[PDB]
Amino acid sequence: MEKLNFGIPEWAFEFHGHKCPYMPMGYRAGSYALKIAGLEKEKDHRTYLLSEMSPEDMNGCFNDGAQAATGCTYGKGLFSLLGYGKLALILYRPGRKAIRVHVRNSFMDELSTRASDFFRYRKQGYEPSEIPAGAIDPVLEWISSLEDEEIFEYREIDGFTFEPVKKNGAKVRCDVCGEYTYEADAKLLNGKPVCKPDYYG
């Protein structure tokens, strides 16, 4: 698709399912990383995107936006988390210096004020779909009015290296349940391929 809501494609909101400040921020961050790199969105498996967040962080919606803006998705094996707890992305394409993008602390301080209504709802436990548009639309409008430079900082990293997980497409029927199992995940039980649930159980 192709049409914008608060400067973010409408499709990105349909993927994510709701309006919140972090998915747009992640989208903006991913777009900015590409602009800096002089790259277009990734259609295939060439460029890597690493988020500095961890699974324990709230606001992981940032990662949906980042994947959405760059085409470096978790499913394609191009998106991963480093676990540092920072609102930052590292775009890396082998043979080039990686680009790190960080959301400014000063932007975060202003977002806390600007989006206090939205965050008060979230603190009480209301899911984003239950939050009134008046509490979120002005925040997204504000974010869309800012230049990339007002939200983010960046730098090139010199010695960055990253080797992704080695992938394998071969499959074999599990000896116990009969289901096709990717060889990479099959266990051997007396010379026969067995899926993990049947091996360990």
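Start at 1 and count along the sequence shown; that's the residue number.
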Practice item. Please work out which of 149 to 157 and 42 to 50 has the higher mean CA B-factor as recorded in the PDB entry. Key: 42 to 50
**Study point:** Greater mean Cα temperature factor according to the PDB record, 162 to 170 or 133 to 141
**Key:** 162 to 170
Revision key, fill the gap. Here the Cα B-factor of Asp117, set against its chain, lands in the third termed middle
**Study point:** Third of the chain, ranked by Cα B-factor, where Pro128 sits
**Key:** highest
Point to revise | Third of the chain's Cα B-factor distribution that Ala68 belongs to, per the entry | key: lowest
Practice item. Comparing against every modelled residue in the chain, figure out the third that the C-alpha B-factor of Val176 lands in (lowest, middle or highest). Key: middle
Exercise for review: Name the third of the chain's ranked CA B-factors that contains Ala186, choosing lowest, middle or highest.
Suggested key: middle
